[PDB]
file my_file-v3.pdb (PDB, C-alpha atoms)
ATOM      1  CA  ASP A 806       0.000   0.000   0.000  1.00  0.00           C
ATOM      2  CA  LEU A 807       1.842   3.045  -1.394  1.00  0.00           C
ATOM      3  CA  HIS A 808      -0.454   5.445   0.455  1.00  0.00           C
ATOM      4  CA  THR A 809       1.008   4.099   3.710  1.00  0.00           C
ATOM      5  CA  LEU A 810       4.647   3.670   2.691  1.00  0.00           C
ATOM      6  CA  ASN A 811       6.249   4.332  -0.693  1.00  0.00           C
ATOM      7  CA  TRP A 812       9.868   3.123  -0.833  1.00  0.00           C
ATOM      8  CA  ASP A 813      10.496   4.865  -4.172  1.00  0.00           C
ATOM      9  CA  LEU A 814       9.269   8.163  -2.739  1.00  0.00           C
ATOM     10  CA  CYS A 815      11.471   7.559   0.318  1.00  0.00           C
ATOM     11  CA  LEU A 816      14.358   7.004  -2.122  1.00  0.00           C
ATOM     12  CA  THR A 817      13.476  10.270  -3.917  1.00  0.00           C
ATOM     13  CA  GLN A 818      13.218  12.147  -0.602  1.00  0.00           C
ATOM     14  CA  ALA A 819      16.661  10.726   0.263  1.00  0.00           C
ATOM     15  CA  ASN A 820      18.221  11.583  -3.136  1.00  0.00           C
ATOM     16  CA  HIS A 821      18.407   7.948  -4.409  1.00  0.00           C
ATOM     17  CA  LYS A 822      20.867   7.021  -1.618  1.00  0.00           C
ATOM     18  CA  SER A 823      19.232   3.858  -0.243  1.00  0.00           C
ATOM     19  CA  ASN A 824      21.683   4.283   2.646  1.00  0.00           C
ATOM     20  CA  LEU A 825      20.251   7.460   4.162  1.00  0.00           C
ATOM     21  CA  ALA A 826      16.723   6.361   3.196  1.00  0.00           C
ATOM     22  CA  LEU A 827      16.868   3.056   5.078  1.00  0.00           C
ATOM     23  CA  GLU A 828      18.543   4.832   8.012  1.00  0.00           C
ATOM     24  CA  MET A 829      15.729   7.409   8.102  1.00  0.00           C
ATOM     25  CA  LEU A 830      13.228   4.560   8.092  1.00  0.00           C
ATOM     26  CA  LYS A 831      15.182   2.946  10.960  1.00  0.00           C
ATOM     27  CA  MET A 832      15.050   6.209  12.961  1.00  0.00           C
ATOM     28  CA  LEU A 833      11.326   6.644  12.327  1.00  0.00           C
ATOM     29  CA  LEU A 834      10.536   3.057  13.394  1.00  0.00           C
ATOM     30  CA  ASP A 835      12.568   3.303  16.617  1.00  0.00           C
ATOM     31  CA  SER A 836      10.664   6.506  17.522  1.00  0.00           C
ATOM     32  CA  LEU A 837       7.135   5.364  16.587  1.00  0.00           C
ATOM     33  CA  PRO A 838       6.085   3.361  19.664  1.00  0.00           C
ATOM     34  CA  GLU A 839       6.814   6.385  21.941  1.00  0.00           C
ATOM     35  CA  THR A 840       5.085   8.757  19.490  1.00  0.00           C
ATOM     36  CA  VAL A 841       1.954   6.564  19.430  1.00  0.00           C
ATOM     37  CA  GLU A 842       1.836   6.445  23.302  1.00  0.00           C
ATOM     38  CA  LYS A 843       2.278  10.225  23.572  1.00  0.00           C
ATOM     39  CA  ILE A 844      -0.526  10.824  21.013  1.00  0.00           C
ATOM     40  CA  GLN A 845      -2.867   8.339  22.725  1.00  0.00           C
ATOM     41  CA  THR A 846      -2.215   9.895  26.144  1.00  0.00           C
ATOM     42  CA  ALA A 847      -2.595  13.499  24.950  1.00  0.00           C
ATOM     43  CA  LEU A 848      -5.936  12.582  23.318  1.00  0.00           C
ATOM     44  CA  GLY A 849      -7.322  11.154  26.605  1.00  0.00           C
ATOM     45  CA  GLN A 850      -5.873  14.014  28.645  1.00  0.00           C
ATOM     46  CA  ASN A 851      -6.920  16.769  26.220  1.00  0.00           C
ATOM     47  CA  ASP A 852      -3.307  17.930  26.453  1.00  0.00           C
ATOM     48  CA  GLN A 853      -2.921  20.629  23.780  1.00  0.00           C
ATOM     49  CA  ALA A 854       0.845  21.378  24.176  1.00  0.00           C
ATOM     50  CA  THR A 855       2.050  17.746  24.258  1.00  0.00           C
ATOM     51  CA  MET A 856      -0.108  16.905  21.228  1.00  0.00           C
ATOM     52  CA  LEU A 857       1.369  19.817  19.238  1.00  0.00           C
ATOM     53  CA  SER A 858       5.006  19.083  20.101  1.00  0.00           C
ATOM     54  CA  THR A 859       4.724  15.409  19.260  1.00  0.00           C
ATOM     55  CA  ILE A 860       2.750  15.924  16.021  1.00  0.00           C
ATOM     56  CA  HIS A 861       5.280  18.554  14.949  1.00  0.00           C
ATOM     57  CA  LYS A 862       8.261  16.186  15.279  1.00  0.00           C
ATOM     58  CA  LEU A 863       6.371  13.398  13.501  1.00  0.00           C
ATOM     59  CA  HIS A 864       5.438  15.847  10.729  1.00  0.00           C
ATOM     60  CA  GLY A 865       9.139  16.662  10.255  1.00  0.00           C
ATOM     61  CA  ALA A 866      10.007  12.964   9.943  1.00  0.00           C
ATOM     62  CA  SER A 867       7.105  12.127   7.621  1.00  0.00           C
ATOM     63  CA  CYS A 868       8.418  14.541   4.975  1.00  0.00           C
ATOM     64  CA  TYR A 869      11.448  12.252   4.471  1.00  0.00           C
ATOM     65  CA  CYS A 870      10.124   8.701   5.040  1.00  0.00           C
ATOM     66  CA  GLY A 871       7.739   8.345   2.068  1.00  0.00           C
ATOM     67  CA  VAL A 872       4.601   8.151   4.186  1.00  0.00           C
ATOM     68  CA  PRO A 873       2.000  10.183   2.289  1.00  0.00           C
ATOM     69  CA  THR A 874      -1.054   9.601   4.535  1.00  0.00           C
ATOM     70  CA  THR A 875       0.969  10.249   7.702  1.00  0.00           C
ATOM     71  CA  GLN A 876       2.344  13.433   6.157  1.00  0.00           C
ATOM     72  CA  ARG A 877      -1.115  14.736   5.238  1.00  0.00           C
ATOM     73  CA  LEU A 878      -2.698  13.859   8.583  1.00  0.00           C
ATOM     74  CA  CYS A 879       0.193  15.493  10.487  1.00  0.00           C
ATOM     75  CA  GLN A 880      -0.148  18.608   8.310  1.00  0.00           C
ATOM     76  CA  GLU A 881      -3.943  18.965   8.972  1.00  0.00           C
ATOM     77  CA  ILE A 882      -3.542  18.252  12.699  1.00  0.00           C
ATOM     78  CA  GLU A 883      -0.496  20.506  13.222  1.00  0.00           C
ATOM     79  CA  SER A 884      -2.021  23.434  11.275  1.00  0.00           C
ATOM     80  CA  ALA A 885      -5.290  23.079  13.228  1.00  0.00           C
ATOM     81  CA  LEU A 886      -3.506  22.927  16.630  1.00  0.00           C
ATOM     82  CA  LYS A 887      -1.493  26.009  15.651  1.00  0.00           C
ATOM     83  CA  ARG A 888      -4.879  27.749  15.125  1.00  0.00           C
ATOM     84  CA  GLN A 889      -5.913  26.604  18.638  1.00  0.00           C
ATOM     85  CA  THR A 890      -8.569  24.125  17.671  1.00  0.00           C
ATOM     86  CA  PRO A 891      -8.830  21.986  20.786  1.00  0.00           C
ATOM     87  CA  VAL A 892      -7.609  18.354  20.635  1.00  0.00           C
ATOM     88  CA  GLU A 893     -11.201  17.201  21.206  1.00  0.00           C
ATOM     89  CA  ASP A 894     -12.333  18.655  17.892  1.00  0.00           C
ATOM     90  CA  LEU A 895      -9.512  16.828  16.093  1.00  0.00           C
ATOM     91  CA  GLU A 896     -10.437  13.395  17.470  1.00  0.00           C
ATOM     92  CA  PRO A 897     -11.497  12.050  14.035  1.00  0.00           C
ATOM     93  CA  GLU A 898      -8.126  13.013  12.432  1.00  0.00           C
ATOM     94  CA  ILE A 899      -6.066  11.927  15.435  1.00  0.00           C
ATOM     95  CA  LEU A 900      -7.801   8.529  15.517  1.00  0.00           C
ATOM     96  CA  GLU A 901      -7.223   8.196  11.783  1.00  0.00           C
ATOM     97  CA  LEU A 902      -3.572   9.100  12.358  1.00  0.00           C
ATOM     98  CA  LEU A 903      -3.147   6.477  15.099  1.00  0.00           C
ATOM     99  CA  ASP A 904      -4.638   3.799  12.846  1.00  0.00           C
ATOM    100  CA  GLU A 905      -2.241   4.908  10.091  1.00  0.00           C
ATOM    101  CA  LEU A 906       0.817   4.656  12.403  1.00  0.00           C
ATOM    102  CA  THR A 907       0.007   1.025  13.138  1.00  0.00           C
ATOM    103  CA  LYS A 908       0.068   0.358   9.349  1.00  0.00           C
ATOM    104  CA  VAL A 909       3.295   2.393   8.992  1.00  0.00           C
ATOM    105  CA  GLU A 910       5.007   0.367  11.766  1.00  0.00           C
ATOM    106  CA  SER A 911       4.101  -2.839   9.937  1.00  0.00           C
ATOM    107  CA  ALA A 912       5.093  -1.498   6.504  1.00  0.00           C
ATOM    108  CA  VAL A 913       8.495  -0.221   7.643  1.00  0.00           C
ATOM    109  CA  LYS A 914       9.251  -3.439   9.598  1.00  0.00           C
ATOM    110  CA  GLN A 915       8.449  -5.244   6.349  1.00  0.00           C
ATOM    111  CA  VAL A 916      10.665  -2.991   4.191  1.00  0.00           C
ATOM    112  CA  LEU A 917      13.533  -3.528   6.672  1.00  0.00           C
ATOM    113  CA  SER A 918      13.106  -7.317   6.851  1.00  0.00           C
ATOM    114  CA  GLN A 919      13.319  -7.177   3.056  1.00  0.00           C
ATOM    115  CA  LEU A 920      16.160  -4.685   2.471  1.00  0.00           C
ATOM    116  CA  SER A 921      18.344  -4.383   5.627  1.00  0.00           C
ATOM    117  CA  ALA A 922      21.942  -5.623   5.757  1.00  0.00           C
TER
ATOM    118  CA  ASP B 806      34.131  21.834  18.487  1.00  0.00           C
ATOM    119  CA  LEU B 807      34.262  20.120  15.069  1.00  0.00           C
ATOM    120  CA  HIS B 808      35.254  16.832  16.739  1.00  0.00           C
ATOM    121  CA  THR B 809      31.815  16.907  18.349  1.00  0.00           C
ATOM    122  CA  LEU B 810      29.639  18.143  15.468  1.00  0.00           C
ATOM    123  CA  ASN B 811      30.668  19.162  11.978  1.00  0.00           C
ATOM    124  CA  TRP B 812      27.899  20.457   9.710  1.00  0.00           C
ATOM    125  CA  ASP B 813      30.082  20.172   6.569  1.00  0.00           C
ATOM    126  CA  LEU B 814      30.577  16.508   7.487  1.00  0.00           C
ATOM    127  CA  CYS B 815      26.807  16.009   7.770  1.00  0.00           C
ATOM    128  CA  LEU B 816      26.563  17.498   4.235  1.00  0.00           C
ATOM    129  CA  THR B 817      29.139  15.054   2.745  1.00  0.00           C
ATOM    130  CA  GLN B 818      27.395  12.099   4.416  1.00  0.00           C
ATOM    131  CA  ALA B 819      24.139  13.450   2.874  1.00  0.00           C
ATOM    132  CA  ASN B 820      25.443  14.061  -0.683  1.00  0.00           C
ATOM    133  CA  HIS B 821      24.988  17.853  -0.217  1.00  0.00           C
ATOM    134  CA  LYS B 822      21.173  17.967   0.284  1.00  0.00           C
ATOM    135  CA  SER B 823      20.677  20.342   3.213  1.00  0.00           C
ATOM    136  CA  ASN B 824      17.083  19.697   4.321  1.00  0.00           C
ATOM    137  CA  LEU B 825      17.736  15.967   4.454  1.00  0.00           C
ATOM    138  CA  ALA B 826      20.771  16.503   6.739  1.00  0.00           C
ATOM    139  CA  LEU B 827      18.838  18.968   8.864  1.00  0.00           C
ATOM    140  CA  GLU B 828      15.959  16.482   9.401  1.00  0.00           C
ATOM    141  CA  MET B 829      18.435  13.707  10.300  1.00  0.00           C
ATOM    142  CA  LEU B 830      19.891  15.962  13.015  1.00  0.00           C
ATOM    143  CA  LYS B 831      16.369  16.694  14.331  1.00  0.00           C
ATOM    144  CA  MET B 832      15.667  12.937  14.476  1.00  0.00           C
ATOM    145  CA  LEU B 833      18.964  12.352  16.319  1.00  0.00           C
ATOM    146  CA  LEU B 834      18.378  15.250  18.750  1.00  0.00           C
ATOM    147  CA  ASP B 835      14.831  14.097  19.579  1.00  0.00           C
ATOM    148  CA  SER B 836      16.091  10.537  20.188  1.00  0.00           C
ATOM    149  CA  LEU B 837      18.909  11.469  22.537  1.00  0.00           C
ATOM    150  CA  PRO B 838      17.287  11.764  26.002  1.00  0.00           C
ATOM    151  CA  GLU B 839      15.613   8.353  25.665  1.00  0.00           C
ATOM    152  CA  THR B 840      18.703   6.737  24.108  1.00  0.00           C
ATOM    153  CA  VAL B 841      20.860   8.127  26.921  1.00  0.00           C
ATOM    154  CA  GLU B 842      18.378   6.733  29.445  1.00  0.00           C
ATOM    155  CA  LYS B 843      18.423   3.337  27.698  1.00  0.00           C
ATOM    156  CA  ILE B 844      22.253   3.267  27.700  1.00  0.00           C
ATOM    157  CA  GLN B 845      22.374   4.361  31.327  1.00  0.00           C
ATOM    158  CA  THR B 846      19.795   1.804  32.508  1.00  0.00           C
ATOM    159  CA  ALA B 847      21.495  -1.032  30.564  1.00  0.00           C
ATOM    160  CA  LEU B 848      24.850  -0.138  32.152  1.00  0.00           C
ATOM    161  CA  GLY B 849      23.352  -0.324  35.633  1.00  0.00           C
ATOM    162  CA  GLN B 850      21.713  -3.668  34.835  1.00  0.00           C
ATOM    163  CA  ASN B 851      24.749  -5.197  33.066  1.00  0.00           C
ATOM    164  CA  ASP B 852      22.303  -5.759  30.200  1.00  0.00           C
ATOM    165  CA  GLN B 853      24.663  -6.619  27.358  1.00  0.00           C
ATOM    166  CA  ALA B 854      21.810  -7.396  24.941  1.00  0.00           C
ATOM    167  CA  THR B 855      20.084  -4.010  25.278  1.00  0.00           C
ATOM    168  CA  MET B 856      23.457  -2.217  25.321  1.00  0.00           C
ATOM    169  CA  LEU B 857      24.400  -3.816  21.953  1.00  0.00           C
ATOM    170  CA  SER B 858      21.115  -3.008  20.149  1.00  0.00           C
ATOM    171  CA  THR B 859      21.019   0.519  21.596  1.00  0.00           C
ATOM    172  CA  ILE B 860      24.672   1.283  20.740  1.00  0.00           C
ATOM    173  CA  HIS B 861      24.218  -0.350  17.307  1.00  0.00           C
ATOM    174  CA  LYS B 862      21.237   1.940  16.523  1.00  0.00           C
ATOM    175  CA  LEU B 863      22.982   5.104  17.773  1.00  0.00           C
ATOM    176  CA  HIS B 864      26.042   4.081  15.748  1.00  0.00           C
ATOM    177  CA  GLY B 865      23.948   3.722  12.539  1.00  0.00           C
ATOM    178  CA  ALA B 866      22.584   7.253  13.141  1.00  0.00           C
ATOM    179  CA  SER B 867      25.979   8.820  13.968  1.00  0.00           C
ATOM    180  CA  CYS B 868      27.313   7.744  10.533  1.00  0.00           C
ATOM    181  CA  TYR B 869      25.066  10.410   8.868  1.00  0.00           C
ATOM    182  CA  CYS B 870      25.142  13.126  11.564  1.00  0.00           C
ATOM    183  CA  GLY B 871      28.781  14.376  11.327  1.00  0.00           C
ATOM    184  CA  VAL B 872      29.503  13.589  14.978  1.00  0.00           C
ATOM    185  CA  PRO B 873      33.084  12.177  14.887  1.00  0.00           C
ATOM    186  CA  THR B 874      33.677  11.498  18.626  1.00  0.00           C
ATOM    187  CA  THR B 875      30.241   9.880  19.081  1.00  0.00           C
ATOM    188  CA  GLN B 876      30.796   7.666  16.060  1.00  0.00           C
ATOM    189  CA  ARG B 877      34.188   6.478  17.294  1.00  0.00           C
ATOM    190  CA  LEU B 878      33.058   5.722  20.837  1.00  0.00           C
ATOM    191  CA  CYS B 879      30.059   3.760  19.439  1.00  0.00           C
ATOM    192  CA  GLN B 880      32.412   1.782  17.212  1.00  0.00           C
ATOM    193  CA  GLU B 881      34.688   1.038  20.154  1.00  0.00           C
ATOM    194  CA  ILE B 882      31.826  -0.070  22.391  1.00  0.00           C
ATOM    195  CA  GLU B 883      29.969  -2.044  19.680  1.00  0.00           C
ATOM    196  CA  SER B 884      33.178  -3.840  18.561  1.00  0.00           C
ATOM    197  CA  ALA B 885      34.037  -4.768  22.134  1.00  0.00           C
ATOM    198  CA  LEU B 886      30.486  -6.052  22.901  1.00  0.00           C
ATOM    199  CA  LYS B 887      30.699  -8.234  19.797  1.00  0.00           C
ATOM    200  CA  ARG B 888      33.899  -9.733  21.344  1.00  0.00           C
ATOM    201  CA  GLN B 889      31.979 -10.438  24.616  1.00  0.00           C
ATOM    202  CA  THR B 890      33.799  -7.778  26.594  1.00  0.00           C
ATOM    203  CA  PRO B 891      31.758  -7.267  29.821  1.00  0.00           C
ATOM    204  CA  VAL B 892      29.512  -4.175  29.756  1.00  0.00           C
ATOM    205  CA  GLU B 893      30.933  -3.327  33.184  1.00  0.00           C
ATOM    206  CA  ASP B 894      34.500  -3.153  31.784  1.00  0.00           C
ATOM    207  CA  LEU B 895      33.237  -0.706  29.112  1.00  0.00           C
ATOM    208  CA  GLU B 896      32.140   1.682  31.866  1.00  0.00           C
ATOM    209  CA  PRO B 897      34.861   4.239  30.902  1.00  0.00           C
ATOM    210  CA  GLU B 898      33.851   4.400  27.195  1.00  0.00           C
ATOM    211  CA  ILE B 899      30.135   4.449  28.074  1.00  0.00           C
ATOM    212  CA  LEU B 900      30.624   7.333  30.502  1.00  0.00           C
ATOM    213  CA  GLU B 901      32.647   9.195  27.825  1.00  0.00           C
ATOM    214  CA  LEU B 902      29.756   8.563  25.410  1.00  0.00           C
ATOM    215  CA  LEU B 903      27.140   9.933  27.793  1.00  0.00           C
ATOM    216  CA  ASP B 904      29.430  12.966  28.364  1.00  0.00           C
ATOM    217  CA  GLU B 905      29.850  13.449  24.563  1.00  0.00           C
ATOM    218  CA  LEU B 906      26.117  13.171  23.864  1.00  0.00           C
ATOM    219  CA  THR B 907      25.424  16.161  26.129  1.00  0.00           C
ATOM    220  CA  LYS B 908      27.866  18.159  23.983  1.00  0.00           C
ATOM    221  CA  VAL B 909      26.253  16.803  20.771  1.00  0.00           C
ATOM    222  CA  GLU B 910      22.802  17.989  22.058  1.00  0.00           C
ATOM    223  CA  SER B 911      24.151  21.503  22.701  1.00  0.00           C
ATOM    224  CA  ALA B 912      25.906  21.639  19.312  1.00  0.00           C
ATOM    225  CA  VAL B 913      22.867  20.368  17.357  1.00  0.00           C
ATOM    226  CA  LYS B 914      20.558  22.865  19.115  1.00  0.00           C
ATOM    227  CA  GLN B 915      23.090  25.539  18.117  1.00  0.00           C
ATOM    228  CA  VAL B 916      23.227  24.529  14.422  1.00  0.00           C
ATOM    229  CA  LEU B 917      19.436  24.146  14.283  1.00  0.00           C
ATOM    230  CA  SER B 918      19.121  27.810  15.389  1.00  0.00           C
ATOM    231  CA  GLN B 919      21.071  28.807  12.254  1.00  0.00           C
TER
END

call {"tool": "encode", "arguments": {"input": "my_file-v3.pdb", "output": "structure tokens"}}
result
Amino acid sequence: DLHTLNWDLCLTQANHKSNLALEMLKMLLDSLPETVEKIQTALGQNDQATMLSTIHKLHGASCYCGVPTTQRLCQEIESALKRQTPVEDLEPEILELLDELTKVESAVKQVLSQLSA
Amino acid sequence: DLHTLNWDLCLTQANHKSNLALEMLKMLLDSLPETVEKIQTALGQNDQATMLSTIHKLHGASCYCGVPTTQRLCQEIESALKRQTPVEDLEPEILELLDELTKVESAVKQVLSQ
């Protein structure tokens, strides 16, 4: 599913150096379980600042890991939080994002089982 | 100091694409407090398995982040773990690494401001 993870886009983003690209994917994967927990907790706690900070860092990453749906969802959520829409009103997009991160974790773990030396 | 962080080095490791290199530094910086905690906790617990995976992952990152001292210490620790050198005997190199990572954090925050 290229909407979830697109290796060729990740290659493009990383200037056709499969080296950096796979390393970026490694760094994203290591960071994802903590990101997911922070998002889940901020949603339950209605914690505006924590949600923003963590979405912002994920957004940064997504621009270089060939994850189009993640990138879009982070953009909508971050922009909205920066306008002070409360976390509560973003529940649909945040829930959609969490579901997407589960698919991204699987997709990256698959692309690393396939291509990592 | 350029033995701690060298931006030009990050650029060579990144084939001269700036925004790529910049994002890699952000990913490294964000990972540091937890990685330091993982290294520290594994030292205290003589957890050679967690030490190896954690050092291995930091080492992979350091190779694209122009951080010469960090990279070398990771190589020394990883090599020695792979020869079954006790984690406890690598206390000096581990403490040097924790020391160096504080300096890396300061340096990266500085470069990211520019």

call {"tool": "closest_residue", "arguments": {"input": "my_file-v3.pdb", "among": "B:867, B:807, B:841, B:851", "to": "chain A", "atoms": "all atoms listed in the file"}}
result
B:867

call {"tool": "closest_atom_pairs", "arguments": {"input": "my_file-v3.pdb", "of": "chain B", "to": "chain A", "cutoff": "7 Å", "atoms": "all atoms listed in the file", "output": "tab-separated table"}}
result
residue	atom	partner	partner_atom	distance
B:825	CA	A:819	CA	6.8
B:828	CA	A:865	CA	6.9
B:832	CA	A:832	CA	6.9
B:866	CA	A:828	CA	7.0

call {"tool": "closest_residue", "arguments": {"input": "my_file-v3.pdb", "among": "A:892, A:870, A:899, A:857", "to": "residue 814 (chain A)", "atoms": "all atoms listed in the file"}}
result
A:870

call {"tool": "closest_residue", "arguments": {"input": "my_file-v3.pdb", "among": "B:908, B:848, B:914, B:818", "to": "residue 882 (chain B)", "atoms": "all atoms listed in the file"}}
result
B:848

call {"tool": "residues_around", "arguments": {"input": "my_file-v3.pdb", "residues": "residue 812 (chain B)", "least_positions_apart": "3", "cutoff": "9 Å", "atoms": "only C-alpha atoms", "output": "PDB file with C-alpha atoms, in the coordinates of the input"}}
result
ATOM      1  CA  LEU B 807      34.262  20.120  15.069  1.00  0.00           C
ATOM      2  CA  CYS B 815      26.807  16.009   7.770  1.00  0.00           C
ATOM      3  CA  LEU B 816      26.563  17.498   4.235  1.00  0.00           C
ATOM      4  CA  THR B 817      29.139  15.054   2.745  1.00  0.00           C
ATOM      5  CA  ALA B 826      20.771  16.503   6.739  1.00  0.00           C
ATOM      6  CA  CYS B 870      25.142  13.126  11.564  1.00  0.00           C
ATOM      7  CA  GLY B 871      28.781  14.376  11.327  1.00  0.00           C
ATOM      8  CA  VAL B 872      29.503  13.589  14.978  1.00  0.00           C
ATOM      9  CA  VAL B 916      23.227  24.529  14.422  1.00  0.00           C
TER      10      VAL B 916
END

call {"tool": "resolve_selection", "arguments": {"input": "my_file-v3.pdb", "expression": "the PyMOL selection byres ((chain A and resi 898) around 12)", "output": "PyMOL selection string"}}
result
chain A and resi 844+848+860+874-875+877-883+885-886+892-897+899-905

call {"tool": "closest_residue", "arguments": {"input": "my_file-v3.pdb", "among": "B:810, B:830, B:868, B:892", "to": "residue 846 (chain B)", "atoms": "all atoms listed in the file"}}
result
B:892

call {"tool": "resolve_selection", "arguments": {"input": "my_file-v3.pdb", "expression": "the PyMOL selection byres ((chain B and resi 864) around 12)", "output": "PyMOL selection string"}}
result
(chain A and resi 828+831-832) or (chain B and resi 833+840+856-863+865-884+902)

call {"tool": "atom_distance", "arguments": {"input": "my_file-v3.pdb", "atom1": "CA of residue 814 (chain B)", "atom2": "CA of residue 912 (chain B)"}}
result
13.7 Å

call {"tool": "atom_distance", "arguments": {"input": "my_file-v3.pdb", "atom1": "CA of residue 808 (chain A)", "atom2": "CA of residue 840 (chain A)"}}
result
20.1 Å

call {"tool": "atom_distance", "arguments": {"input": "my_file-v3.pdb", "atom1": "CA of residue 807 (chain A)", "atom2": "CA of residue 911 (chain A)"}}
result
13.0 Å

call {"tool": "closest_residue", "arguments": {"input": "my_file-v3.pdb", "among": "B:845, B:820, B:915, B:850", "to": "residue 823 (chain A)", "atoms": "all atoms listed in the file"}}
result
B:820

call {"tool": "resolve_selection", "arguments": {"input": "my_file-v3.pdb", "expression": "the PyMOL selection byres ((chain A and resi 809) around 7)", "output": "PDB file with C-alpha atoms, keeping the file's coordinate frame"}}
result
ATOM      1  CA  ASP A 806       0.000   0.000   0.000  1.00  0.00           C
ATOM      2  CA  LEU A 807       1.842   3.045  -1.394  1.00  0.00           C
ATOM      3  CA  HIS A 808      -0.454   5.445   0.455  1.00  0.00           C
ATOM      4  CA  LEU A 810       4.647   3.670   2.691  1.00  0.00           C
ATOM      5  CA  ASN A 811       6.249   4.332  -0.693  1.00  0.00           C
ATOM      6  CA  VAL A 872       4.601   8.151   4.186  1.00  0.00           C
ATOM      7  CA  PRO A 873       2.000  10.183   2.289  1.00  0.00           C
ATOM      8  CA  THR A 874      -1.054   9.601   4.535  1.00  0.00           C
ATOM      9  CA  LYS A 908       0.068   0.358   9.349  1.00  0.00           C
ATOM     10  CA  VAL A 909       3.295   2.393   8.992  1.00  0.00           C
TER      11      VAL A 909
END

call {"tool": "closest_residue", "arguments": {"input": "my_file-v3.pdb", "among": "A:887, A:871, A:912, A:842", "to": "residue 813 (chain A)", "atoms": "all atoms listed in the file"}}
result
A:871
